[PDB]
Number of protein chains: 4
Amino acid sequence: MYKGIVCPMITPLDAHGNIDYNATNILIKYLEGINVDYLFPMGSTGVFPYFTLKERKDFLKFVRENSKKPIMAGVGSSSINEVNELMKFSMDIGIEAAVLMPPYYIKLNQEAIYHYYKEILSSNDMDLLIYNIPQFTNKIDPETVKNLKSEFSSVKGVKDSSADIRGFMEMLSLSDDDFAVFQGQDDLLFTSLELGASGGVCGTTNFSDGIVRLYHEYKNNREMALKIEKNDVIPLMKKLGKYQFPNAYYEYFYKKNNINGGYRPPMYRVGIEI
Amino acid sequence: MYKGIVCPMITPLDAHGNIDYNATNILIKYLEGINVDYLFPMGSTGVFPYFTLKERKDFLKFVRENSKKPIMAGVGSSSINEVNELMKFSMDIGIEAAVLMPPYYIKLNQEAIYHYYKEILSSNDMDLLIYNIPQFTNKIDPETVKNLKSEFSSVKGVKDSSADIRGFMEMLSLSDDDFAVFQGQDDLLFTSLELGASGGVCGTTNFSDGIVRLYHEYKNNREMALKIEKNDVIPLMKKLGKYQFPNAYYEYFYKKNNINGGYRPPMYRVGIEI
Amino acid sequence: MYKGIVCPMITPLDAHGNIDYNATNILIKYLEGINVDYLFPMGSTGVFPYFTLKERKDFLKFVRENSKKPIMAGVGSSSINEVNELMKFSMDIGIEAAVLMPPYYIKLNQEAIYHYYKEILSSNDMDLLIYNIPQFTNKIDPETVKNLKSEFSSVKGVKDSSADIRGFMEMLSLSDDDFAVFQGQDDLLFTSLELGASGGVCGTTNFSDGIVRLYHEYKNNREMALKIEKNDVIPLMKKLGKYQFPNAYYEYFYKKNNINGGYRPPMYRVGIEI
Amino acid sequence: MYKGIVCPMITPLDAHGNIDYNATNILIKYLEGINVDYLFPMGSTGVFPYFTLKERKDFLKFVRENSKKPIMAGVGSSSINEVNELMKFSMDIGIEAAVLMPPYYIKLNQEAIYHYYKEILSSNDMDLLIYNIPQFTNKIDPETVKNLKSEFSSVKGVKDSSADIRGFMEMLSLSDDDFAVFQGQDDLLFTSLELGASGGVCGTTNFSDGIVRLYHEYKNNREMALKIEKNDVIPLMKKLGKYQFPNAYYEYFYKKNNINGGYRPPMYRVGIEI
């Protein structure tokens, strides 16, 4: 079962906008500390498309050689060659699963998205999680997920960051013992678990245990989970949302740890407070 | 310095969906034949994000070596490291101009987009054209274009594929001797020349010469130019627009030249008639 | 204190698309039978803007005169004059509450919307529930509702059909003992109750008791309410949503009571399988 | 035979937000005194849906009785009874043409919109121009305009405010000797006339002759006319667009004629200079 809590890791940067591996190690330590169940390097929160194929390869290598935690590697790209390359390399260095969103830039219908996933999943074998994030890329309909699910046992779940609860409940309908469904919006996790979500992919866990507390409080303590959602998580999200995504996550991390972290353009420091 | 007709080149593919350097030749001599003024490899029509940095570097090298008409290289990428490397390569091999659209995937405000163009232009000399294509990426406001223009003399103009006439007229206000303004929708070229456009970047020129005949006819025969727009270009855009962009553009160039051309996912064959 | 199940009544029509007051009675007696708590004539479901001011006054009278259920009168209109008239009229015939959404057609910011509710609330003491349905009219921000809340005690709640769960939780943050928050989408009722909603405004109650069982079951058997939602309401809501709103609701009502009912253009007969 | 410049009259108000028939006469005279070709009362600029059926009737009667200019009556309403009533009324008192945009509030597909126009054009006889304004209501496709045109000889043309040049060109393709096509955006008049537009419906003519000068200078000196579009109409439209539509057109009329005019909420004074 894929389930529990995934941290879409930031990619901590030094002051020249390059990968800070000491800070990455600091982050991994913190995540192990609060007991996330998976590491998710090079997601949206880790801003994978600002990095080169090389840097992403380098960063994936480091994260696996510095934690024994199971890793869902972000293998996103609009180039099928980059996705396959990144997937082979993740498989060849012991990363447990891949995370993939639809290709972006050019707007696509479902047949186009379907064909792309088909090619990738027949060229591959590792556990893949489909990732619907229609704010940054073409949407993948639940039906398209369903059909990809049928043809490929390699597909082990879907992650949804839509914030569309109706869309989410469609994805949930695809849930069974070998298909997880993850909520990618921290403030919607509690509600999602009630609807039977496998868990959440939550970026606040880069610097707060709130989401993990909520989740290990859930099975026993409904109202406590909700309290932690309503009082700690939602306000934190509301504060992060005032800012151009994702630079406030970086600043929060840099401050909580007293690091001189930097920003690769188009990132910039936004001036958030704790 | 910058004026006339630009071909946003298709990037011909073999049946495996990898670059067809022979069709590229067929295509180059076709574009020299009908007399487009500039070659623009790796734009949206060339589906640049589907290729790796390597592939895109090779294709730029090849177009350079195989033609004498001036080149605008598409150096687009949400990764700043990739843009700089693509502009450096382009300069060093004698490509006249770089084309650059705002970063994509993550939604960006105007300060982020500006911080990005600024860090890039601060470390580069070559003639650069800004590219507003808000359908596929974050929009860049005319004012942002203006502010960049004052700060960097190497910005040589701006291209707009928005099809928003009011917006286009705003971009036109920035026009002067050292700042061209190009229309990126073939069907609007006529309306745009009448408002003071330096010209068009028109994908139809990959297998048709309507847009060129239109442009040279324009100077002392407007209603001939309008006729060609109304009778030839606009219908051809109607047939093309029925299909997933840009696939019909490929299948059509393929039919015209009798090429066993292929499709790289998420591209797929559409079934257009010639 | 407002809470429980609100039926946003259809306005039954004869074969000539005029109000069928006999069917309206058939409906009122069905609503009483399944024990909804409030009748809401001339909401969106009741396609109120298709009717004249005179037809609307007349319908509120009929409903008020053929049921002792507490009534929330849809007093919607972009004309502040029609609202005052409709509210004055429904106060004078003993309708308990008014329901008002923001003005439509012309796009409005929050100052215009505020001033419009301001002028109106200053002239009508009666109980009013603000109605937020951004699909059909200008959205009213949570902040704007908060402001009006404190400035007029007459505002007794807010109804939200946006289907935006984050937005709904903002509205719920305004919840208290003299301020209700209703979920307007039937499939979202269970989630909304879990989060503290005062109840639902649910169109399916026009011909289905599903929503009402759900609300009453929720008290002692939580999982049972959820089952009703998933097997009954949600699958019904999917059927109804395959068609242009709200026509399917009308057919479904017509077929169930074997009534020969009609459709005032732009309404039209659809085909639902009941 | 429908051709030239139409004023979408404001409906001037007194300080209490009711119709000022003295100021309305001031307006009519002014419009006669810049030789606009038609008067269009109760279009969007006249904010027709903020008025009662009875006020609207009284206002059309007044404009009929107080000018020999041909009139196009705004007959807009989502209620088909109000449209039949306003149309029958306009023809009875000798208004030449009716103007009708699609019904609003509820989202309508094209079939709903068709059955609605069909019914109305089946029941009324007078000259009728279809009004496409997708910002404030459901869009009506060219194909739908087209079909109606063929079914009903009383459909005399179309007016379009979308600001979508491609879409407007599609509407122009339907043009013929008894099917006029008007450009609704003042700043887009020049571009629209080149493409063959019958004329323009222009709210800046409530208080400025710029559009009327433009249209008469055109036929005989295009470049004199485009200078007007650039130095007079467009900058005026820039200023007016700073504000919540259509309030600034009201303030502007009020200041020019020194009239103590008002605002019916949700209208409000916006504070605009000269």
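Residues numbered from 1 in each chain as written, not as in the entry; some residues may be left out. Chains lettered and ligands numbered in written order. Heavy atoms only, no water.

As for the interface of chain C and chain D
Quoted interface sizes are often the accessible area lost when the parts come together. Contact residues are listed per partner, giving 37 residues for chain C and 38 residues for chain D. Taken together, both faces of the contact between chain C and chain D bury some 3,200 Å²; the carbon and sulfur share is 61%. Together, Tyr 105, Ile 106 and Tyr 268 of chain C form the three largest contributors to the area buried by chain C at its contact with chain D, with a combined 24%. At the junction of chain C and chain D, the tally comes to 16 residue pairs in polar contact. If you list the elements that add at least two residues to the side of chain C that touches chain D, you get α3 (80–92) and α4 (110–121) of chain C. Counting residues per element, the side of chain C that touches chain D draws most heavily on α4 of chain C, at five residues. Taken together, the residues of the side of chain C that touches chain D sort by class into 21 nonpolar, 10 polar and six charged. (Contact = heavy atoms within 4.5 Å. Buried area = accessible area lost by both parts, 1.4 Å probe. Polar contact = N/O pair within 3.5 Å; in protein donor to acceptor, adjacent residues only side chain to side chain. Helix = DSSP H or I, 4+ residues; strand = E, 2+ residues; numbered from the N terminus. Nonpolar A, V, L, I, M, F, W, Y, C, P; charged D, E, K, R; others polar.)

Considerations on the relation of the copies chain C and chain D
Mapping chain C onto chain D calls for a rotation angle of 180 degrees and an axial translation of 0.0 Å; the resulting RMSD is 0.3 Å. When the rotation and shift are considered jointly, the pair of chain copies conforms to a two-fold rotation axis. Of every C-alpha in chain C, the one belonging to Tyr 105 of chain C sits nearest the axis of rotation, 3.4 Å from it. Both copies contact each other with a shared surface, as 100% of the interface residues of chain C are interface residues in chain D too. (Least-squares fit on C-alpha atoms.)

Overview of the environment of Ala 15 of chain B
All names here are of chain B. With respect to the helices and strands, the residue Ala 15 is situated in the loop between β1 (4–8) and α1 (21–34). Overall, the relative accessible area of 53% leaves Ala 15 in the exposed class. Excluding residues that lie within four positions of it along the chain, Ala 15 makes contacts with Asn 260 and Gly 262. (Buried < 20%, exposed > 50% of the residue type's maximum accessible area, 1.4 Å probe, protein only.)

Remarks on the packing of helix α8 (residues 210–218) of chain B against helix α9 (residues 222–240) of chain B
The angle between the axes and the distance between the axes are what describe a pair of packed helices. All names here are of chain B. Packing of α8 against α9 brings their axes to within 7 Å, and their N-to-C directions diverge by 165 degrees. Taken together, α8 and α9 sit at an angle that is classed as roughly antiparallel. Taken as a pair, α8 and α9 cross one another with a handedness that is left-handed. Contact with α8, carried on its side by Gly 210, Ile 211, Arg 213, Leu 214, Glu 217 and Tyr 218, involves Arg 222, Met 224, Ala 225, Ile 228, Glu 229, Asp 232 and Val 233 of α9 and no other residues of that element. Class assignment for the residues of the contact of α8 with α9 results in seven nonpolar, one polar and five charged. (Axes fitted to C-alpha atoms, helices over the stretch in contact; angles between N-to-C directions. Parallel < 35°, antiparallel > 145°, perpendicular 65-115°, else oblique. Left-handed = near helix turned anticlockwise from the far one by under 90°.)

Some thoughts on the relation of the copies chain B and chain A
Turning chain B through 180 degrees and shifting it by 0.0 Å along the axis lays it on chain A, with an RMSD of 0.2 Å. By residue overlap, the copies meet face to face through one surface: 100% of the interface positions of chain B are interface positions in chain A.

With respect to the sheet that holds strand β2 (residues 38–40) of chain B
Residues and elements named next belong to chain B. The strand order across the open sheet built from eight strands is β2-β1-β8-β7-β6-β5-β4-β3, with neighbouring strands paired in parallel fashion. Each having just a single partner strand, β2 and β3 (72–74) make up the two edges of the open sheet. Ignoring strand direction, the axes of neighbouring strands in this sheet form an average angle of 25 degrees. Pairing geometry for β3 and strand β4 (residues 97–100), over three bridges, is parallel. (Pairing = 2+ DSSP bridges.)

Side note on the packing of helix α9 (residues 222–241) of chain D against helix α10 (residues 247–256) of chain D
Residue and element names in this part refer to chain D. With their axes 8 Å apart at the nearest point, α9 and α10 run at an angle of 110 degrees to one another. The angle between α9 and α10 places the two elements in the roughly perpendicular class. Residues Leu 236, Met 237 and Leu 240 of α9 form the contact with α10, whose participating residues are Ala 248, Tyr 249 and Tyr 252.

A few points about the UniProt feature "binding site: substrate" in chain A
All names here are of chain A. The UniProt entry lists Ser 44, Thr 45, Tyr 131, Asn 132, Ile 133, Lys 159, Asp 160 and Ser 161 under the feature "binding site: substrate", expressed in the numbering used here. Despite a sequence span of 118 residues, these residues sit close together in the fold, their greatest C-alpha distance being 14.1 Å. Each residue touching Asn 132, except ones within four places of it in the same chain, is listed here: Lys 139, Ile 140, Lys 159, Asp 160, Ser 161, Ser 162 and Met 171. A polar atom in the side chain of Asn 132 sits 3.0 Å from the backbone nitrogen of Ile 140. On the secondary structure map, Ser 161 appears in the loop between β6 (155–160) and α6 (165–172). Beyond its immediate stretch of four places on either side in the chain, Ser 161 contacts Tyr 131, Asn 132, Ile 133, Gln 135, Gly 184 and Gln 185. (UniProt positions renumbered as here; feature names shortened; annotations may be inferred.)

Some words on the packing of aromatic side chains
Two descriptors summarise a pair of aromatic rings, namely the distance from one centre to the other and the angle between the planes of the rings. Enumeration over the complete set of coordinates arrives at 68 aromatic pairs over all chains. When the ring of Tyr 254 of chain B is compared with that of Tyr 263 of chain B, the centres are 5.9 Å apart and the planes differ by 75 degrees; the resulting orientation is edge-to-face. In this pair, the class of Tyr 254 of chain B matches that of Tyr 263 of chain B, namely buried. Seen from their ring centres, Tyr 2 of chain C and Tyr 38 of chain C are 5.6 Å apart, and the 50 degrees between their planes marks the pair as tilted. Of the two residues, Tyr 2 of chain C sits in the segment before β1 (4–8) while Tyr 38 of chain C sits in strand β2 (residues 38–40), which places them 36 residues apart along the sequence. Classification of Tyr 2 of chain C by relative accessible area gives buried; the value is 13%. The class for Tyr 38 of chain C is buried, based on a relative accessible area of 8%. The side chain of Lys 159 of chain A reaches across the aromatic face of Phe 182 of chain A, ending 4.0 Å from its centre. (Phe/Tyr/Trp six-rings, centres within 6.5 Å; stacked < 30°, edge-to-face > 60°. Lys NZ or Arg CZ within 6 Å of the ring centre and 35° of its normal.)

Observations regarding the pairing of strand β5 (residues 127–132) of chain D
Residue and element names in this part refer to chain D. In terms of burial, β5 is largely enclosed, as five of its six residues are buried. Bridging between strand β4 (residues 97–100) and β5 involves four bridges; their strand directions are parallel. Counted as the bridge partner of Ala 97 is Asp 127 from β5. Handedness of the β-α-β unit built from β4, helix α4 (residues 110–123) and β5 comes out right-handed. Once you follow β5 into helix α5 (residues 142–151) and on to strand β6 (residues 155–160), the crossover reads as right-handed. (Right-handed = clockwise from strand over helix to strand, strands pointing away.)

Regarding the interface of chain B and chain A
Chain B puts 38 residues into the contact, and the matching count from chain A is 39 residues. Summing both sides of the interface, chain B and chain A together bury roughly 3,300 Å²; the carbon and sulfur share of this comes to 61%. Area buried by chain B at its contact with chain A is led by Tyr 105, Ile 106 and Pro 265 of chain B, which between them contribute 24% of it. At the junction of chain B and chain A, the tally comes to zero salt bridges. Where chain B packs against chain A, one counts 14 residue pairs in polar contact. When contributions to the side of chain B that touches chain A are tallied by element, the ones reaching two or more residues are α2 (53–65), α3 (80–92) and α4 (110–121) of chain B. Broken down by element, the residue count for the side of chain B that touches chain A peaks at five residues, all from α4 of chain B. (Salt bridge = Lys/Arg side-chain N within 4 Å of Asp/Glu carboxyl O.)

Remarks on the sheet that holds β6 of chain A
Residue and element names in this part refer to chain A. Spatial ordering of the open sheet is given by β2-β1-β8-β7-β6-β5-β4-β3, a layout of eight strands whose pairing is parallel. Two strands in the sheet have a free side with no partner beyond their single neighbour: β2 (38–40) and β3 (72–74). In this sheet, neighbouring strand axes are inclined to one another by 25 degrees on average, regardless of whether the strands run parallel or antiparallel. As paired strands, strand β5 (residues 127–132) and β6 are joined by five bridges and run parallel to one another. By the bridge assignment, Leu 129 is partnered in β6 with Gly 157.

Observations concerning the arrangement of the chains
The smallest C-alpha distance separating chain B from chain C is 19 Å, and no contact links them. One thing to see here is that chain A and chain D don't touch, and their nearest C-alpha atoms sit 19 Å from each other.

Quick word on the side chain of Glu 251 of chain C
Residues and elements named next belong to chain C. Summarising the element assignment, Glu 251 is placed in helix α10 (residues 247–256). For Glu 251, a relative accessible area of 3% corresponds to the buried category. A polar contact is formed between the side chain of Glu 251 and the backbone nitrogen of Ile 272, at a distance of 3.1 Å. Each residue touching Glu 251, except ones within four places of it in the same chain, is listed here: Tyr 263, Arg 269, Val 270, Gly 271 and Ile 272.

Considerations on the UniProt feature "active site" in chain A
All names here are of chain A. According to UniProt, the "active site" feature falls on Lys 159. Its location among the elements puts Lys 159 in strand β6. Judged by relative accessible area, which is 0%, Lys 159 ranks as buried.

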